[PDB]
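Here is how names work: the chains are called A, B, and so on, in the same order as the sequence lines, proteins then strands, and each is numbered from 1.
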Protein chains: 2
Amino acid sequence: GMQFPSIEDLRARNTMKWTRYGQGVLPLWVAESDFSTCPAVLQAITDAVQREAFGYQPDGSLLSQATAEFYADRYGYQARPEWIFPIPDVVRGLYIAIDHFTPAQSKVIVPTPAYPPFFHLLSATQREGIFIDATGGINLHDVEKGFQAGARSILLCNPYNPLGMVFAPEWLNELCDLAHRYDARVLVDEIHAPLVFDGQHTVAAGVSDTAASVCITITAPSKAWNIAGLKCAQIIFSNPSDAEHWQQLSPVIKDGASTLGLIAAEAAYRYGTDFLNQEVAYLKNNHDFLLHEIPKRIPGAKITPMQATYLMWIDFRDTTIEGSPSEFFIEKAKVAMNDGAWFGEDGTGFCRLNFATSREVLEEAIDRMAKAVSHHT
Amino acid sequence: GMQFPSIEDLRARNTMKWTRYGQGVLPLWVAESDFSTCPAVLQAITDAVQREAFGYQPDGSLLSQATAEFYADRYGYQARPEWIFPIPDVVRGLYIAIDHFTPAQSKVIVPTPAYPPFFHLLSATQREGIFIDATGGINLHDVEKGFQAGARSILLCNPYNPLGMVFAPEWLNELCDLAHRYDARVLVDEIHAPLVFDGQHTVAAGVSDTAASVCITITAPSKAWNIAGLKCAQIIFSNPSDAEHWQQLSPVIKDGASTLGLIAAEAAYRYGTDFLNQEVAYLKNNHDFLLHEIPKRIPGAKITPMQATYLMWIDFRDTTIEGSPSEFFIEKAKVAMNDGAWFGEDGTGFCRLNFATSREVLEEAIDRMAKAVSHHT
Ligand SMILES: [Cl-]
Ligand SMILES: [Cl-]
Ligand SMILES: [Cl-]
Ligand SMILES: [Cl-]
Ligand SMILES: [Cl-]
Ligand SMILES: [Cl-]
Ligand SMILES: [Cl-]
Ligand SMILES: [Cl-]
Ligand SMILES: [Cl-]
Ligand code: NA
Ligand code: NA
């Protein structure tokens with residue numbers, strides 16, 4: 001089980017999630033969760049503020065060790081802490097990775113539907129994307145065709161949001177062998193890895209010696225422990241040459257993490273596992289509930305079963321809703337989900353629903369939607 | 001007057017300042033202050049943590065208005081809030097400014113002695129610096145020669161750290177006219193502007209219509225209110241074309257500010273002025289004390305009177321100390337100051353001393369130095 005603040009206290013968090021839409025609209029959109037903050041993480045932040053830890057980051061951080069120990073305990077990956085480094089956030093890590101660890105101007109394979117900031121990542125790095133369809137899984141043949149068309153890296157979310165997918169180890173093994181044959185890198189975004197509820201996360205970088213060479217692994221405790229605004233993520237290298245190359249970069253390229261964020265992240269990794277296990281159990285139950293009920297109450301809605309994350313991709317193309325389903329549900333049901341068109345052109349007609357909230361909130365949301373949809377124009 | 005935490009509580013802040021050197025070494029180096037945090041700022045952070053404001057930043061921020069109102073009240077500059085934007089920190093703003101608002105590969109005039117991160121800024125942007133001597137002030141003839149040698153921007157700290165200088169308005173006016181004649185930008189770093197204790201800060205961007213076009217102004221409350229680790233600074237544009245160009249940049253280029261940092265910065269600007277005035281009065285007194293006593297107790301040390309900042313540039317070249325004076329004082333006096341060689345090659349023999357601490361700490365520090373220096377090898 002999990003604790004939740006009152007709905008009043010949730011709004012009073014005064015984050016993007018609660019300020020984008022009106023007071024009557026239930027927000028099930030941006031990836032922040034509604035769980036009361038993990039007690040160990042909240043206390044670490046509270047104590048740091050009381051201590052006035054507001055200057056520059058201290059020497060002697062054990063965050064890299066904490067990260068390595070978490071990777072070892074949870075996934076059986078023996079990460080080297082000397083190859084783990086702080087960064088402000090996961091997308092900034094991917095930005096540095098493309099800009100400094102792939103050849104200049106080289107195309108980047110981006111599976112779709114894609115985490116919407118990935119399109120901004122392409123514009124920021126000035127790289128052309130090669131888009132491949134990840135719906136129902138990724139075909140390695142599509143990946144090879146991208147490399148044959150000139151791509152020198154692939155961005156791989158694992159777990160794969162917004163589809164809730166957990167890639168198999170032998171699949172990651174062949175992906176890395178393929179990348180190596182084309183002198184390409186695999187940039188693995190593992191921000192959702194703590195949130196697997198049906199299956200097991202495999203760290204791609206550890207499936208082979210080839211994988212260790214081709215992967216650059218990027219993660220944060222920000223999704224699982226809900227501290228995105230504190231700015232602390234981790235870059236996990238799996239070979240000495242990448243770590244050396246990182247160390248040679250100007251500090252200005254690598255800096256940004258917040259002092260409080262370093263403290264919150266370390267506490268999450270060291271003391272947040274019990275909470276994580278309860279969180280994941282609660283998400284699995286919400287998932288099973290939504291998977292059954294949504295199609296029964298909102299006719300034509302289709303959902304594919306998931307294995308990880310709190311983000312549910314719903315197909316509304318078999319409804320007869322006019323225009324964007326997201327906009328319909330905001331205006332007529334007072335329930336906010338992300339419009340799938342932001343994830344790629346083939347996301348049109350889909351919505352992404354955030355189920356990291358209470359069963360009560362989910363019931364209310366689907367009931368509002370069930371009524372509104374019964375007489376949409 | 002000002003409050004200070006106990007020396008035990010200062011160490012327990014566990015920031016870079018307190019963790020670089022051993023327990024017996026008084027740290028007067030990195031630019032963090034030892035004042036108890038401004039009560040209004042501390043309470044804003046405390047309340048935000050209690051509210052669990054840990055997700056993404058909210059819509060409807062009034063930080064730009066707060067910044068504009070501070071600029072108006074303190075300096076008489078009527079900044080437009082719609083031209084003010086958040087960034088993670090001041091150096092990141094300068095990085096974006098060089099990379100996106102000056103021509104590709106164009107040289108950058110960097111006065112010396114220089115804030116040490118400026119050398120990392122040059123390596124990160126891949127630009128060659130044209131170094132001019134700022135000791136005793138900046139000669140506009142040296143600036144013109146730089147532009148004639150191809151530079152298309154100048155980095156201008158105003159107030160100028162580490163020399164404590166406050167530039168005159170008619171000087172800023174001619175600098176901007178000069179820059180305009182060479183199609184160059186003036187990138188004004190005003191992070192120390194709240195900390196003028198003898199004179200008045202002029203906002204360069206407001207001295208003329210030409211200045212409004214050529215300047216890009218970058219600041220933060222991080223120095224004056226000691227919140228560098230919270231990651232929130234401001235970019236202040238002074239013409240619509242720059243603001244438009246900023247808005248057209250990929251969000252990935254511009255993001256990074258922390259949620260708590262946005263909250264702390266707004267509180268600093270809205271409610272921190274009384275504290276600021278007491279801080280500045282305390283710094284002026286520390287400055288007057290050090291200016292008189294250092295030369296009397298540490299023979300050969302020379303100091304030029306300052307008008308702003310809490311960073312004192314001390315010349316030890318007329319001592320007969322062997323090797324780096326910074327290293328001598330760390331090893332033999334247990335007092336840590338920055339080695340001037342990090343500020344440029346002509347900084348060798350200088351140290352930078354941070355006097356944003358108690359008179360008690362300063363007395364103890366100069367006394368340790370006075371004894372050690374009496375029999376240096
Ligand atoms: Cl999101
Ligand atoms: Cl806990
Ligand atoms: Cl997503
Ligand atoms: Cl930064
Ligand atoms: Cl510093
Ligand atoms: Cl106050
Ligand atoms: Cl300085
Ligand atoms: Cl940042
Ligand atoms: Cl960022
Ligand atoms: Na992150
Ligand atoms: Na700053």
Side-chain angles (χ1 to χ4, degrees), chain A residues 1-18 30-54 57-58 61-63 66-67 70 86 89 191 194-195 219-234 257-277 279-283 310 354 356-358 361, chain B residues 12-15 37 41-58 227 229-231 258-264 267:
Chain A
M2 293 291 285
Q3 296 293 112
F4 297 89
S6 66
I7 198 72
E8 292 82 22
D9 286 345
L10 278 169
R11 306 190 193 113
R13 292 175 163 190
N14 201 46
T15 61
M16 183 180 287
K17 184 176 186 172
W18 299 98
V30 60
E32 298 174 28
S33 64
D34 297 352
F35 305 118
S36 304
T37 306
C38 170
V41 170
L42 178 60
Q43 191 49 51
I45 297 164
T46 300
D47 169 76
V49 170
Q50 289 168 349
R51 289 189 293 106
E52 303 186 24
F54 305 146
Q57 71 198 252
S61 177
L62 303 176
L63 174 58
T67 306
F70 179 82
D89 56 68
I191 203 173
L195 301 167
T219 195
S222 68
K223 288 288 152 79
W225 291 277
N226 205 48
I227 49 174
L230 281 65
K231 314 310 297 189
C232 183
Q234 297 76 49
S258 93
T259 294
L260 291 179
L262 293 158
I263 288 161
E266 187 169 4
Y269 282 136
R270 288 193 187 282
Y271 302 111
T273 292
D274 288 342
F275 173 96
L276 179 68
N277 290 337
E279 182 176 9
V280 152
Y282 197 96
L283 298 173
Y310 58 66
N354 178 344
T357 189
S358 67
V361 167
Chain B
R13 292 175 163 190
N14 201 46
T15 61
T37 306
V41 170
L42 178 60
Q43 191 49 51
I45 297 164
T46 300
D47 169 76
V49 170
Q50 289 168 349
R51 289 189 293 106
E52 303 186 24
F54 305 146
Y56 297 105
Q57 71 198 252
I227 49 174
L230 281 65
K231 314 310 297 189
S258 93
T259 294
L260 291 179
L262 293 158
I263 288 161

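A distance of 8.0 Å separates CD in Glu266(A) from OH in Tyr271(A), rounded to the nearest 0.5 Å. Put simply, CG on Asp274(A) and CD on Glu279(A) are 12.5 Å apart, with the number rounded to the nearest 0.5 Å. In this structure, the separation between CG on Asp89(A) and OG on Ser258(A) is 11.0 Å, given to the nearest 0.5 Å. Separating the CZ atom in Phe54(B) from the OG1 atom in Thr15(A) is a distance of 11.0 Å, to the nearest 0.5 Å.
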Can you give me every donor-acceptor pair (side chain of residues 39-50 of chain A, partner residue at least two apart or in another chain, under 3.5 Å) with its distance?
from, atom 1, to, atom 2, distance (Å)
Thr46(A), OG1, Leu42(A), O, 2.8
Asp47(A), OD2, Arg51(A), NE, 2.8

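Across all their heavy atoms, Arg270(A) and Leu62(A) have their closest contact at NH2-O, 3.1 Å. Considering every non-hydrogen atom in both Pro86(A) and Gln57(A), the closest pair reads CG-OE1, 4.5 Å. Closest approach of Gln234(A) to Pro221(A), counting heavy atoms only: OE1-CD, 3.5 Å. Nearest heavy atoms, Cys232(A) versus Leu63(A): SG-CD2, 3.6 Å. The shortest heavy-atom contact between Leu260(A) and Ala53(A) is CD2-O, 4.1 Å.
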Task: Test side-chain contact (heavy atoms from CB on, under 4.5 Å) applied to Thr259(B) and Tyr56(B), step by step - done: CA-CA 7 Å; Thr259(B) 294; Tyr56(B) 297 105; 5.6 Å; no
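With sequence neighbours left out, the ring pair (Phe, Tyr, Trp, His ring centres under 6.0 Å) criterion links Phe70(A) to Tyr75(A), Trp225(A), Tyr269(A). Here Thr357(A) pairs with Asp34(A), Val361(A), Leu362(A) under the side-chain contact (heavy atoms from CB on, under 4.5 Å) rule; sequence neighbours left out. Partners of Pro5(A) under the side-chain contact (heavy atoms from CB on, under 4.5 Å) rule, at least two apart in sequence or in another chain, are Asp9(A), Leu10(A), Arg13(A), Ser36(A). For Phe4(A), the ring pair (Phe, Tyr, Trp, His ring centres under 6.0 Å) criterion is met by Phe35(A), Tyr282(A), not counting sequence neighbours. Partners of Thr37(B) by side chain to side chain donor-acceptor pair (under 3.5 Å), not counting sequence neighbours, listed by chain and number: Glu52(A).
For the pair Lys231(A)/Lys231(B), no side-chain contact is recorded, criterion being any heavy-atom separation below 4.5 Å from C-beta on. Looking at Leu195(A) and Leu276(A), their side chains come closer than 4.5 Å, going by heavy atoms from C-beta outward.
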